[PDB]
Amino acid sequence: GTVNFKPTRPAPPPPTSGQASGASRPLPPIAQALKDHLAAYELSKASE
Amino acid sequence: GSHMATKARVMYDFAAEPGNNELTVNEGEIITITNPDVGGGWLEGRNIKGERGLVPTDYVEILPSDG
C-alpha cells in the first residue's frame, strides 16, 4: 500500500543550467566558547 | 485509451541522498510517473526494476502520447 513522498530538501540544480540557490547548504555558524578561564595565566611569559 | 500511464526520459544521471527516499536513475533511462507534483520542485516515479523514490523535474523530461 503506497503513499506520496515529501522531499527533505528543495530540488537540486541540473548540469549546464543557469544560476539559482537550489539545494546549496548554508555556511558554518559563528564560533562561541573556548579556554576562557585561566587563558592569560596559561599564556604567561617566562625567560631564562 | 483511458487511464494510460505517463513516462519520462532522464536528461542527467541522478544520485539519491541517504534518508531522503530519492530514486537513483541513469541518464537516458525510462521510468513511469507515480506522482508528478509533491512540492519543492520534485516528482515520484517507478523504473524497470519497480523501485520508487523522489526525482527532480529539472533532471527528467516527460514523454508525449499520455492519453
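These protein sequence lines map, in sequence, to chains B and A. For the first sequence, position 29 (counting from the first letter as 1) is numbered 142 according to the deposited numbering, and the numbering increases by one without interruption. For the second sequence, position 21 (counting from the first letter as 1) is numbered 18 according to the deposited numbering, and the numbering increases by one without interruption. The C-beta atom is built at its ideal place from N, Cα and C for all residues, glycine as well.
Assigned secondary structure, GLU161/B (DSSP; H/G/I helix, E/B strand, else coil):
In the three-state reduction of the DSSP assignment, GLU161/B falls in the coil class.
Which residues of chain B have a Cβ atom closer than 7 Å to the Cβ of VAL35/A, listed in chain order?
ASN117, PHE118, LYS119, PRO120
Cβ of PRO139/B less than 9 Å from any chain A Cβ?
no
May I have the straight-line CA-CA distance separating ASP55/A from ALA144/B, to the nearest angstrom?
37 Å
Classify residue 65/A: buried if its beta carbon has 16 or more other beta carbons within 10 angstroms, exposed otherwise.
What is shown of chain A runs -2 to 64, which leaves residue 65/A out entirely.
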